[PDB]
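Engineer: Just so it is clear, I am handing over my_file.pdb, which has PDB, C-alpha atoms and all ligand atoms.
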```pdb
ATOM      1  CA  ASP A   1      -0.435  24.442 -20.044
ATOM      2  CA  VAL A   2       2.218  21.834 -20.846
ATOM      3  CA  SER A   3       2.291  19.474 -23.846
ATOM      4  CA  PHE A   4       3.812  16.167 -24.964
ATOM      5  CA  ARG A   5       3.640  14.477 -28.368
ATOM      6  CA  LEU A   6       4.338  10.754 -28.764
ATOM      7  CA  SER A   7       4.826  11.117 -32.533
ATOM      8  CA  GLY A   8       8.584  11.580 -32.933
ATOM      9  CA  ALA A   9       9.145  11.344 -29.171
ATOM     10  CA  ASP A  10      12.606  10.463 -27.861
ATOM     11  CA  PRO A  11      14.411  10.608 -24.484
ATOM     12  CA  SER A  12      15.228  14.265 -25.248
ATOM     13  CA  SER A  13      11.665  15.454 -26.010
ATOM     14  CA  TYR A  14      10.292  13.472 -23.064
ATOM     15  CA  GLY A  15      12.914  15.113 -20.825
ATOM     16  CA  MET A  16      11.743  18.523 -22.056
ATOM     17  CA  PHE A  17       8.113  17.649 -21.240
ATOM     18  CA  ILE A  18       9.018  16.588 -17.678
ATOM     19  CA  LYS A  19      11.008  19.823 -17.250
ATOM     20  CA  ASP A  20       7.965  21.792 -18.492
ATOM     21  CA  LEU A  21       5.703  19.873 -16.094
ATOM     22  CA  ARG A  22       7.964  20.641 -13.109
ATOM     23  CA  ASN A  23       8.295  24.314 -14.118
ATOM     24  CA  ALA A  24       4.511  24.727 -14.373
ATOM     25  CA  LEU A  25       4.146  23.873 -10.675
ATOM     26  CA  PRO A  26       4.288  27.029  -8.519
ATOM     27  CA  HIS A  27       6.510  27.463  -5.462
ATOM     28  CA  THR A  28       7.585  30.423  -3.306
ATOM     29  CA  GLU A  29      10.192  28.461  -1.374
ATOM     30  CA  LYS A  30      12.907  25.845  -1.841
ATOM     31  CA  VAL A  31      13.797  23.416   0.944
ATOM     32  CA  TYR A  32      17.325  22.000   0.633
ATOM     33  CA  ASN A  33      17.302  23.357  -2.949
ATOM     34  CA  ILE A  34      14.126  21.391  -3.780
ATOM     35  CA  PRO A  35      10.979  23.327  -4.798
ATOM     36  CA  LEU A  36       8.288  23.220  -2.107
ATOM     37  CA  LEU A  37       4.753  22.834  -3.461
ATOM     38  CA  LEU A  38       2.185  25.310  -2.111
ATOM     39  CA  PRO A  39      -0.180  24.511   0.809
ATOM     40  CA  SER A  40      -3.143  25.528  -1.390
ATOM     41  CA  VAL A  41      -4.229  27.459  -4.493
ATOM     42  CA  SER A  42      -7.722  28.928  -4.960
ATOM     43  CA  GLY A  43      -9.874  28.855  -8.099
ATOM     44  CA  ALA A  44      -8.995  27.367 -11.486
ATOM     45  CA  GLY A  45      -5.302  28.171 -10.872
ATOM     46  CA  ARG A  46      -5.078  25.033  -8.725
ATOM     47  CA  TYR A  47      -5.139  22.874 -11.865
ATOM     48  CA  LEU A  48      -2.550  22.397 -14.591
ATOM     49  CA  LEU A  49      -3.700  21.120 -17.978
ATOM     50  CA  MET A  50      -1.432  18.596 -19.693
ATOM     51  CA  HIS A  51      -2.061  18.171 -23.415
ATOM     52  CA  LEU A  52      -0.969  14.684 -24.439
ATOM     53  CA  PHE A  53      -0.953  13.439 -28.029
ATOM     54  CA  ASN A  54      -0.696   9.792 -29.041
ATOM     55  CA  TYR A  55       1.334   8.687 -32.077
ATOM     56  CA  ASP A  56      -1.650   9.238 -34.402
ATOM     57  CA  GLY A  57      -2.081  12.775 -33.053
ATOM     58  CA  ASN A  58      -5.238  12.134 -31.035
ATOM     59  CA  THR A  59      -5.331  14.034 -27.761
ATOM     60  CA  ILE A  60      -6.414  14.025 -24.135
ATOM     61  CA  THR A  61      -6.166  16.916 -21.681
ATOM     62  CA  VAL A  62      -5.217  15.866 -18.158
ATOM     63  CA  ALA A  63      -6.045  18.013 -15.110
ATOM     64  CA  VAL A  64      -3.357  17.973 -12.410
ATOM     65  CA  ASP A  65      -3.608  19.555  -8.934
ATOM     66  CA  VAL A  66      -0.499  21.775  -8.744
ATOM     67  CA  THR A  67      -0.181  21.455  -4.944
ATOM     68  CA  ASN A  68       0.359  17.666  -4.981
ATOM     69  CA  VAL A  69       0.801  16.549  -8.641
ATOM     70  CA  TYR A  70      -2.336  14.403  -8.307
ATOM     71  CA  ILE A  71      -4.181  13.721 -11.562
ATOM     72  CA  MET A  72      -7.842  14.611 -10.962
ATOM     73  CA  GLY A  73      -9.444  13.843 -14.315
ATOM     74  CA  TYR A  74      -9.116  14.232 -18.064
ATOM     75  CA  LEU A  75     -10.951  15.299 -21.215
ATOM     76  CA  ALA A  76     -11.326  12.989 -24.212
ATOM     77  CA  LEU A  77     -13.083  14.640 -27.172
ATOM     78  CA  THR A  78     -16.295  16.007 -25.591
ATOM     79  CA  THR A  79     -16.447  13.769 -22.505
ATOM     80  CA  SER A  80     -14.764  14.553 -19.188
ATOM     81  CA  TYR A  81     -13.719  11.840 -16.730
ATOM     82  CA  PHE A  82     -13.013  12.339 -13.014
ATOM     83  CA  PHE A  83     -11.955  10.023 -10.197
ATOM     84  CA  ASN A  84     -14.558   9.028  -7.600
ATOM     85  CA  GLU A  85     -13.163  11.184  -4.775
ATOM     86  CA  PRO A  86     -14.033  14.591  -3.219
ATOM     87  CA  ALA A  87     -10.887  16.342  -4.527
ATOM     88  CA  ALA A  88     -11.709  15.287  -8.099
ATOM     89  CA  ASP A  89     -15.359  16.334  -7.777
ATOM     90  CA  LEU A  90     -14.100  19.742  -6.619
ATOM     91  CA  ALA A  91     -11.809  19.800  -9.679
ATOM     92  CA  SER A  92     -14.826  19.177 -11.947
ATOM     93  CA  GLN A  93     -16.147  22.563 -10.798
ATOM     94  CA  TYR A  94     -13.232  24.341 -12.522
ATOM     95  CA  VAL A  95     -11.930  22.239 -15.452
ATOM     96  CA  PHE A  96     -13.480  20.863 -18.675
ATOM     97  CA  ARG A  97     -16.713  22.785 -18.038
ATOM     98  CA  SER A  98     -17.546  22.866 -21.765
ATOM     99  CA  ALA A  99     -17.632  19.040 -22.001
ATOM    100  CA  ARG A 100     -20.962  17.676 -23.283
ATOM    101  CA  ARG A 101     -21.034  14.956 -20.599
ATOM    102  CA  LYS A 102     -19.135  14.123 -17.412
ATOM    103  CA  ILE A 103     -18.381  10.549 -16.369
ATOM    104  CA  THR A 104     -17.287   9.747 -12.830
ATOM    105  CA  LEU A 105     -14.913   6.769 -12.904
ATOM    106  CA  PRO A 106     -15.920   3.876 -10.580
ATOM    107  CA  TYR A 107     -12.736   4.259  -8.496
ATOM    108  CA  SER A 108     -10.623   6.885  -6.756
ATOM    109  CA  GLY A 109      -7.138   7.808  -7.985
ATOM    110  CA  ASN A 110      -5.083   6.080  -5.297
ATOM    111  CA  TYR A 111      -2.698   3.305  -6.363
ATOM    112  CA  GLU A 112      -4.449   0.609  -4.309
ATOM    113  CA  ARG A 113      -7.919   1.269  -5.779
ATOM    114  CA  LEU A 114      -6.602   1.555  -9.355
ATOM    115  CA  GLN A 115      -4.700  -1.742  -9.054
ATOM    116  CA  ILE A 116      -7.893  -3.481  -7.860
ATOM    117  CA  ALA A 117      -9.862  -2.054 -10.810
ATOM    118  CA  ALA A 118      -7.119  -2.937 -13.329
ATOM    119  CA  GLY A 119      -6.845  -6.475 -11.925
ATOM    120  CA  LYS A 120      -3.072  -6.269 -11.444
ATOM    121  CA  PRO A 121      -0.454  -4.503  -9.301
ATOM    122  CA  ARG A 122       1.759  -2.009 -11.116
ATOM    123  CA  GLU A 123       4.708  -4.362 -10.484
ATOM    124  CA  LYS A 124       3.238  -6.300 -13.419
ATOM    125  CA  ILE A 125       2.237  -3.386 -15.682
ATOM    126  CA  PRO A 126       4.913  -2.394 -18.232
ATOM    127  CA  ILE A 127       5.603   1.336 -18.483
ATOM    128  CA  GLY A 128       7.490   3.494 -20.965
ATOM    129  CA  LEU A 129       6.722   5.761 -23.892
ATOM    130  CA  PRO A 130       5.008   3.038 -25.953
ATOM    131  CA  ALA A 131       2.829   2.245 -22.902
ATOM    132  CA  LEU A 132       1.974   5.958 -22.579
ATOM    133  CA  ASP A 133       0.869   6.049 -26.232
ATOM    134  CA  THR A 134      -1.353   3.022 -25.460
ATOM    135  CA  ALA A 135      -2.696   4.698 -22.313
ATOM    136  CA  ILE A 136      -3.737   7.832 -24.232
ATOM    137  CA  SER A 137      -5.501   5.730 -26.889
ATOM    138  CA  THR A 138      -7.298   3.682 -24.212
ATOM    139  CA  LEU A 139      -8.560   6.791 -22.395
ATOM    140  CA  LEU A 140     -10.038   8.177 -25.645
ATOM    141  CA  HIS A 141     -12.912   5.677 -25.487
ATOM    142  CA  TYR A 142     -14.505   4.809 -22.164
ATOM    143  CA  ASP A 143     -13.670   1.381 -20.710
ATOM    144  CA  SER A 144     -13.326   1.568 -16.914
ATOM    145  CA  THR A 145     -11.278  -1.631 -16.418
ATOM    146  CA  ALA A 146      -8.856  -0.750 -19.247
ATOM    147  CA  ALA A 147      -8.777   2.873 -18.060
ATOM    148  CA  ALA A 148      -7.524   1.817 -14.598
ATOM    149  CA  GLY A 149      -4.418   0.259 -16.178
ATOM    150  CA  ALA A 150      -4.003   3.207 -18.540
ATOM    151  CA  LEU A 151      -4.166   5.631 -15.609
ATOM    152  CA  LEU A 152      -1.554   3.633 -13.666
ATOM    153  CA  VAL A 153       0.728   4.081 -16.702
ATOM    154  CA  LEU A 154      -0.207   7.760 -17.076
ATOM    155  CA  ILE A 155       0.415   8.681 -13.412
ATOM    156  CA  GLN A 156       3.859   7.039 -13.347
ATOM    157  CA  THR A 157       5.100   8.382 -16.707
ATOM    158  CA  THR A 158       4.016  11.949 -15.886
ATOM    159  CA  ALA A 159       3.526  12.829 -12.177
ATOM    160  CA  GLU A 160       6.026  10.322 -10.727
ATOM    161  CA  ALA A 161       8.681  11.234 -13.312
ATOM    162  CA  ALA A 162       8.200  14.914 -12.423
ATOM    163  CA  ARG A 163       8.733  14.062  -8.724
ATOM    164  CA  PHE A 164      11.819  11.863  -9.152
ATOM    165  CA  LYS A 165      14.744  12.252 -11.563
ATOM    166  CA  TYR A 166      15.345   8.491 -11.238
ATOM    167  CA  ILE A 167      11.810   7.770 -12.510
ATOM    168  CA  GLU A 168      12.234  10.221 -15.414
ATOM    169  CA  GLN A 169      15.444   8.364 -16.364
ATOM    170  CA  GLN A 170      13.604   5.019 -16.032
ATOM    171  CA  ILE A 171      11.046   6.158 -18.623
ATOM    172  CA  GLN A 172      13.750   7.578 -20.928
ATOM    173  CA  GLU A 173      15.322   4.092 -20.881
ATOM    174  CA  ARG A 174      11.891   2.776 -21.909
ATOM    175  CA  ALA A 175      11.495   5.185 -24.853
ATOM    176  CA  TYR A 176      11.074   2.428 -27.467
ATOM    177  CA  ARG A 177      10.509  -0.661 -25.283
ATOM    178  CA  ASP A 178       8.171  -0.996 -22.295
ATOM    179  CA  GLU A 179       9.297  -2.676 -19.091
ATOM    180  CA  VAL A 180       7.703  -3.128 -15.667
ATOM    181  CA  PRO A 181       8.989  -0.516 -13.173
ATOM    182  CA  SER A 182      12.025  -1.388 -11.042
ATOM    183  CA  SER A 183      11.350  -2.084  -7.354
ATOM    184  CA  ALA A 184      13.269   1.159  -6.698
ATOM    185  CA  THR A 185      10.686   3.009  -8.821
ATOM    186  CA  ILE A 186       7.767   1.526  -6.833
ATOM    187  CA  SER A 187       9.596   2.312  -3.572
ATOM    188  CA  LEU A 188      10.063   5.995  -4.488
ATOM    189  CA  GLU A 189       6.431   6.357  -5.598
ATOM    190  CA  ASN A 190       5.235   4.948  -2.270
ATOM    191  CA  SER A 191       7.651   7.124  -0.267
ATOM    192  CA  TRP A 192       7.093  10.535  -1.884
ATOM    193  CA  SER A 193       4.850  11.893   0.893
ATOM    194  CA  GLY A 194       7.117  10.380   3.569
ATOM    195  CA  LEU A 195      10.286  11.814   2.015
ATOM    196  CA  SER A 196       8.639  15.214   1.494
ATOM    197  CA  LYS A 197       7.672  15.307   5.183
ATOM    198  CA  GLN A 198      11.116  14.277   6.488
ATOM    199  CA  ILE A 199      13.027  16.699   4.232
ATOM    200  CA  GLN A 200      10.852  19.490   5.665
ATOM    201  CA  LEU A 201      11.279  18.207   9.254
ATOM    202  CA  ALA A 202      15.055  18.210   8.663
ATOM    203  CA  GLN A 203      14.979  22.037   8.351
ATOM    204  CA  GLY A 204      15.017  22.527  12.135
ATOM    205  CA  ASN A 205      16.775  19.231  12.860
ATOM    206  CA  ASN A 206      20.245  19.861  11.344
ATOM    207  CA  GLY A 207      19.370  18.034   8.111
ATOM    208  CA  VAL A 208      18.458  14.859  10.026
ATOM    209  CA  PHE A 209      15.184  12.965   9.437
ATOM    210  CA  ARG A 210      12.937  12.685  12.507
ATOM    211  CA  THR A 211      11.900   9.261  11.180
ATOM    212  CA  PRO A 212      14.096   7.343   8.690
ATOM    213  CA  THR A 213      12.628   6.495   5.269
ATOM    214  CA  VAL A 214      13.146   2.947   3.972
ATOM    215  CA  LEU A 215      13.799   2.616   0.221
ATOM    216  CA  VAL A 216      14.862  -0.055  -2.280
ATOM    217  CA  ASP A 217      17.954   0.916  -4.319
ATOM    218  CA  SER A 218      18.797   0.420  -8.023
ATOM    219  CA  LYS A 219      20.727  -2.787  -7.229
ATOM    220  CA  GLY A 220      17.525  -4.035  -5.543
ATOM    221  CA  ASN A 221      18.623  -3.733  -1.910
ATOM    222  CA  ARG A 222      16.695  -2.203   1.002
ATOM    223  CA  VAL A 223      18.325   0.975   2.362
ATOM    224  CA  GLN A 224      17.518   3.521   5.099
ATOM    225  CA  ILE A 225      17.477   7.260   4.375
ATOM    226  CA  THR A 226      18.289   9.212   7.548
ATOM    227  CA  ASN A 227      19.482  12.670   6.437
ATOM    228  CA  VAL A 228      19.588  15.251   3.607
ATOM    229  CA  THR A 229      23.075  14.217   2.378
ATOM    230  CA  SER A 230      21.483  11.099   0.857
ATOM    231  CA  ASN A 231      21.542  10.891  -2.957
ATOM    232  CA  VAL A 232      17.726  10.630  -2.902
ATOM    233  CA  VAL A 233      17.595  14.176  -1.473
ATOM    234  CA  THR A 234      20.559  15.783  -3.283
ATOM    235  CA  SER A 235      19.998  14.377  -6.784
ATOM    236  CA  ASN A 236      16.704  12.494  -7.125
ATOM    237  CA  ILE A 237      13.612  14.161  -5.602
ATOM    238  CA  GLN A 238      12.508  17.257  -7.568
ATOM    239  CA  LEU A 239       9.315  18.354  -5.782
ATOM    240  CA  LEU A 240       8.166  18.361  -2.157
ATOM    241  CA  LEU A 241       4.629  17.762  -0.942
ATOM    242  CA  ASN A 242       3.923  20.488   1.632
ATOM    243  CA  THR A 243       3.589  19.129   5.203
ATOM    244  CA  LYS A 244       0.323  21.097   5.490
ATOM    245  CA  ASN A 245      -1.065  18.502   3.048
ATOM    246  CA  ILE A 246       0.369  15.461   4.874
TER     247      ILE A 246
HETATM  248  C1  LIG B 301      23.586  10.686   6.813
HETATM  249  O1  LIG B 301      23.310   9.849   5.716
HETATM  250  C2  LIG B 301      24.406   9.076   5.249
HETATM  251  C3  LIG B 301      23.852   8.204   4.142
HETATM  252  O2  LIG B 301      23.449   9.038   3.090
HETATM  253  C4  LIG B 301      25.027   8.177   6.325
HETATM  254  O3  LIG B 301      26.231   7.552   5.894
HETATM  255  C5  LIG B 301      26.238   6.216   5.419
HETATM  256  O4  LIG B 301      26.266   5.547   6.682
HETATM  257  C6  LIG B 301      27.313   4.633   7.011
HETATM  258  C7  LIG B 301      28.547   5.367   7.545
HETATM  259  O5  LIG B 301      28.158   6.295   8.534
HETATM  260  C8  LIG B 301      27.668   3.649   5.883
HETATM  261  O6  LIG B 301      27.140   2.378   6.197
HETATM  262  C9  LIG B 301      27.156   4.064   4.504
HETATM  263  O7  LIG B 301      27.982   3.499   3.511
HETATM  264  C10 LIG B 301      27.127   5.581   4.346
HETATM  265  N1  LIG B 301      26.659   5.941   3.017
HETATM  266  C11 LIG B 301      27.232   6.880   2.257
HETATM  267  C12 LIG B 301      26.602   7.106   0.914
HETATM  268  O8  LIG B 301      28.215   7.543   2.596
HETATM  269  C13 LIG B 301      25.367   8.962   7.577
HETATM  270  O9  LIG B 301      25.750   8.009   8.571
HETATM  271  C14 LIG B 301      24.193   9.891   7.976
HETATM  272  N2  LIG B 301      24.564  10.856   9.010
HETATM  273  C15 LIG B 301      23.776  11.087  10.086
HETATM  274  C16 LIG B 301      24.314  12.120  11.045
HETATM  275  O10 LIG B 301      22.672  10.526  10.302
HETATM  276  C1  LIG B 302      -5.841   8.364  -1.191
HETATM  277  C2  LIG B 302      -7.291   7.949  -1.294
HETATM  278  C3  LIG B 302      -8.024   8.778  -2.342
HETATM  279  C4  LIG B 302      -7.043   9.407  -3.325
HETATM  280  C5  LIG B 302      -6.796  10.873  -2.988
HETATM  281  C6  LIG B 302      -6.170  11.607  -4.168
HETATM  282  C7  LIG B 302      -5.262  10.679  -4.967
HETATM  283  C8  LIG B 302      -5.729  10.573  -6.414
HETATM  284  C9  LIG B 302      -5.213  11.741  -7.243
HETATM  285  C10 LIG B 302      -4.307  11.254  -8.368
HETATM  286  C11 LIG B 302      -3.350  10.177  -7.871
HETATM  287  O1  LIG B 302      -3.509   8.995  -8.662
HETATM  288  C12 LIG B 302      -1.903  10.651  -7.951
HETATM  289  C13 LIG B 302      -0.937   9.513  -7.650
HETATM  290  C14 LIG B 302      -1.626   8.406  -6.861
HETATM  291  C15 LIG B 302      -1.364   8.555  -5.367
HETATM  292  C16 LIG B 302      -2.333   7.705  -4.554
HETATM  293  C17 LIG B 302      -1.710   6.363  -4.189
HETATM  294  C18 LIG B 302      -1.939   6.036  -2.718
HETATM  295  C19 LIG B 302      -1.175  11.102  -9.161
HETATM  296  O2  LIG B 302      -2.013  11.498  -9.998
HETATM  297  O3  LIG B 302       0.056  11.097  -9.377
END
```
Rewrite the structure from the file as structure tokens, please.
Ligand SMILES: *[C@@H]1O[C@H](CO)[C@@H](O[C@@H]2O[C@H](CO)[C@@H](O)[C@H](O)[C@H]2NC(C)=O)[C@H](O)[C@H]1NC(C)=O
Ligand SMILES: CCCCCCCCCC[C@@H](O)[C@@H](CCCCCC)C(=O)O
Structural biologist:
Amino acid sequence: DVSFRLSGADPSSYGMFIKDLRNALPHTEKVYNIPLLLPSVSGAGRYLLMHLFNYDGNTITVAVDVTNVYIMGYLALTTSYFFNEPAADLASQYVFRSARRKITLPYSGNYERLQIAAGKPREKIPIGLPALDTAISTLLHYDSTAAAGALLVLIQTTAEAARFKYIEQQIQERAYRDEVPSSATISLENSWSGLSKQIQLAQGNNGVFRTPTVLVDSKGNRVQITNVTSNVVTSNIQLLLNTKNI
């Protein structure tokens, strides 16, 4: 299990949490020095439990699939909550079994469905450590519309930060003040599967992408990523989705 406490949190302690999160994900192989997530894991070992504490010390436990960093559901007091998707239902067979009741959320976990439920794209949802504190508090008491927005915050400040050093740094900059994610942040989130695939395809292609990946940079300009010498590959991406899962 990994843990993060919003009470007394700073860029340093958040950085430690993201390191812990990355380190809790198993790999037997690195591709271009980037850990390669496993094709599959059987049993309860497939799921990592993140213990998150809001400023007041109230807690949720979040279940994360270690093969893809997808949040499947969470526990809030004695109630478990899972996304409306087969992978999450499967997760409910292994985690939070001692919960008194189980609620299935009226949406899947994908960005498009969550944005519809929340009533706004994540371009317009501020993120940061204060937003994460809010998200935790929101998830403690069931409200499906509010929960959609909270989950959009949660996914980006945990899973996406684990996947990209740039996103981790973005959240560290937002330690005491929320701000909507940069277009670069959104771009990286959307391209994680694509980048993971192409980095793996580069293995037998002299470090060259079979298909170029289009990203928006920090300055806000659209750039093409064609090979492994790109800063996105050498410095940014921290975890690779296995091509068996793409
Ligand atoms: C591999 O990727 C790099 C980009 O990371 C490519 O180089 C850039 O491409 C041209 C010059 O060739 C310039 O417009 C850019 O300024 C370069 N960027 C950087 C950061 O140097 C390179 O062309 C690619 N190589 C192959 C074989 O595809
Ligand atoms: C893709 C259609 C159904 C969703 C399948 C699993 C995705 C939900 C699992 C958690 C998810 O929110 C991920 C990030 C979202 C990626 C989906 C956007 C298209 C996560 O928890 O980081």
Engineer: Quick one: which residues end up in the PyMOL selection byres (((chain A and resi 60) around 12) and not hetatm) for this structure, as a compact mmCIF listing (two decimals) with C-alpha atoms, in the coordinates of the input?
Structural biologist:
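Ended up saving to expr-v4.txt:
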```txt
# COMPACT_ATOMS: atom_id res chain seq x y z
CA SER A 3 2.29 19.47 -23.85
CA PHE A 4 3.81 16.17 -24.96
CA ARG A 5 3.64 14.48 -28.37
CA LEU A 49 -3.70 21.12 -17.98
CA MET A 50 -1.43 18.60 -19.69
CA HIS A 51 -2.06 18.17 -23.42
CA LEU A 52 -0.97 14.68 -24.44
CA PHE A 53 -0.95 13.44 -28.03
CA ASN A 54 -0.70 9.79 -29.04
CA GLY A 57 -2.08 12.78 -33.05
CA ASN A 58 -5.24 12.13 -31.04
CA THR A 59 -5.33 14.03 -27.76
CA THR A 61 -6.17 16.92 -21.68
CA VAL A 62 -5.22 15.87 -18.16
CA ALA A 63 -6.04 18.01 -15.11
CA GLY A 73 -9.44 13.84 -14.32
CA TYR A 74 -9.12 14.23 -18.06
CA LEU A 75 -10.95 15.30 -21.22
CA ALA A 76 -11.33 12.99 -24.21
CA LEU A 77 -13.08 14.64 -27.17
CA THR A 78 -16.30 16.01 -25.59
CA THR A 79 -16.45 13.77 -22.50
CA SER A 80 -14.76 14.55 -19.19
CA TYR A 81 -13.72 11.84 -16.73
CA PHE A 96 -13.48 20.86 -18.68
CA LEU A 132 1.97 5.96 -22.58
CA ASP A 133 0.87 6.05 -26.23
CA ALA A 135 -2.70 4.70 -22.31
CA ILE A 136 -3.74 7.83 -24.23
CA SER A 137 -5.50 5.73 -26.89
CA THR A 138 -7.30 3.68 -24.21
CA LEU A 139 -8.56 6.79 -22.40
CA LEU A 140 -10.04 8.18 -25.64
CA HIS A 141 -12.91 5.68 -25.49
CA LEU A 154 -0.21 7.76 -17.08
```
Engineer: Assuming the chain letters and numbering stay as they are in my file, what does the PyMOL selection byres (((chain A and resi 21) around 10) and not hetatm) actually select? List them as an MDAnalysis selection string.
Structural biologist: chainID A and resid 1:4 15:20 22:25 48:50 64 66 69 158:159 161:163
Engineer: Kindly save the residues from that selection, with C-alpha atoms included, as a compact mmCIF listing (two decimals), in the coordinates of the input.
Structural biologist:
```txt
# COMPACT_ATOMS: atom_id res chain seq x y z
CA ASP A 1 -0.44 24.44 -20.04
CA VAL A 2 2.22 21.83 -20.85
CA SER A 3 2.29 19.47 -23.85
CA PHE A 4 3.81 16.17 -24.96
CA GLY A 15 12.91 15.11 -20.82
CA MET A 16 11.74 18.52 -22.06
CA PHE A 17 8.11 17.65 -21.24
CA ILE A 18 9.02 16.59 -17.68
CA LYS A 19 11.01 19.82 -17.25
CA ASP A 20 7.96 21.79 -18.49
CA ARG A 22 7.96 20.64 -13.11
CA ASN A 23 8.30 24.31 -14.12
CA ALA A 24 4.51 24.73 -14.37
CA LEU A 25 4.15 23.87 -10.68
CA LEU A 48 -2.55 22.40 -14.59
CA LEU A 49 -3.70 21.12 -17.98
CA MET A 50 -1.43 18.60 -19.69
CA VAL A 64 -3.36 17.97 -12.41
CA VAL A 66 -0.50 21.78 -8.74
CA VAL A 69 0.80 16.55 -8.64
CA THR A 158 4.02 11.95 -15.89
CA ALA A 159 3.53 12.83 -12.18
CA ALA A 161 8.68 11.23 -13.31
CA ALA A 162 8.20 14.91 -12.42
CA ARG A 163 8.73 14.06 -8.72
```
Engineer: May I ask you to write as a PDB file with C-alpha atoms, keeping the file's coordinate frame all residues lying at most 7 Å from ligand LIG 301 (chain B), with only C-alpha atoms and all ligand atoms counted?
Structural biologist:
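Below you can see part.pdb, which holds the result:
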```
ATOM      1  CA  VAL A 208      18.458  14.859  10.026  1.00  0.00           C
ATOM      2  CA  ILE A 225      17.477   7.260   4.375  1.00  0.00           C
ATOM      3  CA  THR A 226      18.289   9.212   7.548  1.00  0.00           C
ATOM      4  CA  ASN A 227      19.482  12.670   6.437  1.00  0.00           C
ATOM      5  CA  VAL A 228      19.588  15.251   3.607  1.00  0.00           C
ATOM      6  CA  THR A 229      23.075  14.217   2.378  1.00  0.00           C
ATOM      7  CA  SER A 230      21.483  11.099   0.857  1.00  0.00           C
ATOM      8  CA  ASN A 231      21.542  10.891  -2.957  1.00  0.00           C
TER       9      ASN A 231
END
```
Engineer: For CA of residue 151 in chain A and CA of residue 241 in chain A, quote the distance in Å rounded to one decimal.
Structural biologist: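 Computed distance, CA of residue 151 in chain A to CA of residue 241 in chain A, equals 21.0 Å.
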Engineer: Any chance you could resolve the PyMOL selection byres (((chain A and resi 191-193) around 8) and not hetatm) against this file and give the residues as a PyMOL selection string?
Structural biologist: chain A and resi 163+187-190+194-197+213+215+240-241+246
Engineer: For the selection just defined, write its residues with C-alpha atoms to a file, as a PDB file, in the coordinates of the input.
Structural biologist:
```pdb
ATOM      1  CA  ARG A 163       8.733  14.062  -8.724  1.00  0.00           C
ATOM      2  CA  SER A 187       9.596   2.312  -3.572  1.00  0.00           C
ATOM      3  CA  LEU A 188      10.063   5.995  -4.488  1.00  0.00           C
ATOM      4  CA  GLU A 189       6.431   6.357  -5.598  1.00  0.00           C
ATOM      5  CA  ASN A 190       5.235   4.948  -2.270  1.00  0.00           C
ATOM      6  CA  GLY A 194       7.117  10.380   3.569  1.00  0.00           C
ATOM      7  CA  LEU A 195      10.286  11.814   2.015  1.00  0.00           C
ATOM      8  CA  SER A 196       8.639  15.214   1.494  1.00  0.00           C
ATOM      9  CA  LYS A 197       7.672  15.307   5.183  1.00  0.00           C
ATOM     10  CA  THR A 213      12.628   6.495   5.269  1.00  0.00           C
ATOM     11  CA  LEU A 215      13.799   2.616   0.221  1.00  0.00           C
ATOM     12  CA  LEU A 240       8.166  18.361  -2.157  1.00  0.00           C
ATOM     13  CA  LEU A 241       4.629  17.762  -0.942  1.00  0.00           C
ATOM     14  CA  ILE A 246       0.369  15.461   4.874  1.00  0.00           C
TER      15      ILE A 246
END
```
Engineer: At a cut-off of 8 Å around ligand LIG 302 (chain B), and using only C-alpha atoms and all ligand atoms, what residues come up? Please write them as a ChimeraX atom specification.
Structural biologist: /A:64,68-72,83,85,87-88,108-112,151-152,155-156,158-160,190
Engineer: Using all atoms listed in the file, can you tell me which of A:134, A:211, A:235, A:12 comes closest to residue 178 in chain A?
Structural biologist: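 The shortest atom-to-atom distance to residue 178 in chain A comes from A:134.
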Engineer: Find the smallest box with edges along x, y and z containing every listed atom of range 165-180 of chain A, then add 8 Å on each side and report centre and edge lengths in Å to one decimal, as AutoDock Vina command-line options.
Structural biologist:
```
--center_x 11.6 --center_y 4.6 --center_z -19.4 --size_x 23.7 --size_y 31.4 --size_z 32.2
```
Engineer: Please indicate the distance in Å from CA of residue 47 in chain A to CA of residue 86 in chain A, rounded to one decimal place.
Structural biologist: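 Here the two named atoms are 14.9 Å from each other.
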Engineer: So, counting all atoms listed in the file, which residue among A:223, A:129, A:232, A:202 is closest to residue 13 in chain A?
Structural biologist: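 Ranking A:223, A:129, A:232, A:202 by distance to residue 13 in chain A, first place goes to A:129.
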Engineer: Contacts of residue 203 in chain A at 8 Å or less, counting only C-alpha atoms, minus same-chain residues fewer than 4 places along, as a list in words?
Structural biologist: residues 31, 199 and 207 of chain A
Engineer: Separation of CA of residue 149 in chain A and CA of residue 237 in chain A, in Å?
Structural biologist: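 Spanning CA of residue 149 in chain A to CA of residue 237 in chain A is a straight-line distance of 25.1 Å.
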Engineer: Could you check the closest approach to residue 119 in chain A for each of A:144, A:44, A:39, A:32 and tell me which residue wins, using all atoms listed in the file?
Structural biologist: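 That would be A:144, the residue with the smallest distance to residue 119 in chain A.
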Engineer: Looking at A:177, A:124, A:46, A:222, which one is nearest to residue 90 in chain A, with distances taken over only C-alpha atoms?
Structural biologist: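 Of the candidates, the smallest distance to residue 90 in chain A is held by A:46.
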